[PDB]
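Novice: My sequence and its experimental structure, below.
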Amino acid sequence: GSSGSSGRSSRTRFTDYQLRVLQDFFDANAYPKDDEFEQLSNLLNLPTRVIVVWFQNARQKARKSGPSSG
């Protein structure tokens, strides 16, 4: 099969302007539907596919366990 070349191989970098809306929309909602995703894609002018991958991960990083409190 494939030796490696694993990861994202997307080469997509967002700017504060975009990260602001993307991160802002996540802090409020991280489980939006296609209809919603479009709102961001139309504003940032980015493909939902790109916003999805970003939102998906953001969730994984958010999940944490341990002696953490707050």
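Specialist: Looks like it came in fine. Residues are numbered from 1 along each chain as shown.

Novice: all contacts plus neighbour counts: C-alpha atoms, from now on.
Specialist: OK.

Novice: Can you list the buried residues in the one helix or strand residue 41 maps to?
Specialist: Under the criterion DSSP states H and E, the helix or strand holding residue 41 is helix 34-43. By neighbour count on 16 or more other C-alpha atoms under 10 Å, the buried set for helix 34-43 is 37-38, 40-41.

Novice: and of these, the nearest to residue 13?
Specialist: Comparing the buried residues of helix 34-43 against residue 13 with C-alpha to C-alpha places residue 41 closest, at 14.9 Å.

Novice: Which strands and helices lie in contact with the helix holding residue 41?
Specialist: Secondary-structure packing of helix 34-43 (3 or more C-alpha pairs under 8 Å, 6 or more residues apart in numbering; DSSP states H and E): helix 48-62.

Novice: which outside residues touch the helix it packs on?
Specialist: Helix 48-62 is contacted by residues 22, 26, 30, 37-38, 40-41 when judged by C-alpha atoms under 8 Å, 6 or more residues apart in numbering.

Novice: Direction-wise, compare the helix holding residue 41 with helix 48-62 and give the angle.
Specialist: Helix 34-43 runs at 110 degrees relative to helix 48-62, counting by axes from the mean of the first three to the mean of the last three C-alpha atoms, to 10 degrees.
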